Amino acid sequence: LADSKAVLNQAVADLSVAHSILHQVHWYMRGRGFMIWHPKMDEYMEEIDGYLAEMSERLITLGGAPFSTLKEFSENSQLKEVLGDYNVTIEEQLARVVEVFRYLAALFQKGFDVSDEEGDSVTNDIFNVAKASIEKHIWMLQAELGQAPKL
């Protein structure tokens, strides 16, 4: 992951698995707070989809070839998936979302660094904008869980 194209493709894989994890959280959620957090997962999925559009389009624009099959996403992503379980508590589900978002914020920092080293300023801006928004979500999720952001 030492060129802009490679880190954008890593993000295509990781955002695709993150979307799948968010969807599991949305579907399997139970507990007090469901009525606010279940639809919130749809907002986060739309957010992730937007990152995926910006980063995939930029990769194509640069002459790359985005991963575009579930096998590629699953094999390249560093995120791990588990079977859905309704008995996970809402506190646990929100903590899972924070863990996913911390990973994405770290990936986006890597993308920011790789693109800055290569002078790809457009790609650098894409990762900076996505990092800003995801870190704001981490502050809010952590605040609901009674915690500091701990970036």
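Throughout, we count residues from 1 along the sequence that is shown.
Chemist: Select between 35-43 and 113-121 the stretch whose C-alpha atoms have the higher average B-factor in the entry.
Modeler: So the stretch with the higher mean C-alpha B-factor is 113-121.
Chemist: Where do the C-alpha atoms have the higher mean temperature factor in this entry, in 24-32 or in 78-86?
Modeler: The stretch with the larger average C-alpha B-factor is 78-86.
Chemist: Would the CA B-factor of residue 6 place it in the lowest, middle or highest third of its chain?
Modeler: Its C-alpha B-factor, which the entry lists for residue 6, ranks in the highest third among residues of this chain.
Chemist: According to the PDB entry, is the CA B factor of residue 91 in the bottom, middle or top third of its chain, that is, lowest, middle or highest?
Modeler: Residue 91: CA B-factor falls in the middle third of its chain.
Chemist: Within this chain, which third does the Cα B-factor at residue 98 fall in: lowest, middle or highest?
Modeler: Its C-alpha B-factor, which the entry lists for residue 98, ranks in the lowest third among residues of this chain.
Chemist: Sort the modelled residues of this chain by their C-alpha B factor and say whether residue 134 lands in the lowest, middle or highest third.
Modeler: Its C-alpha B-factor belongs to the middle third of this chain's values.
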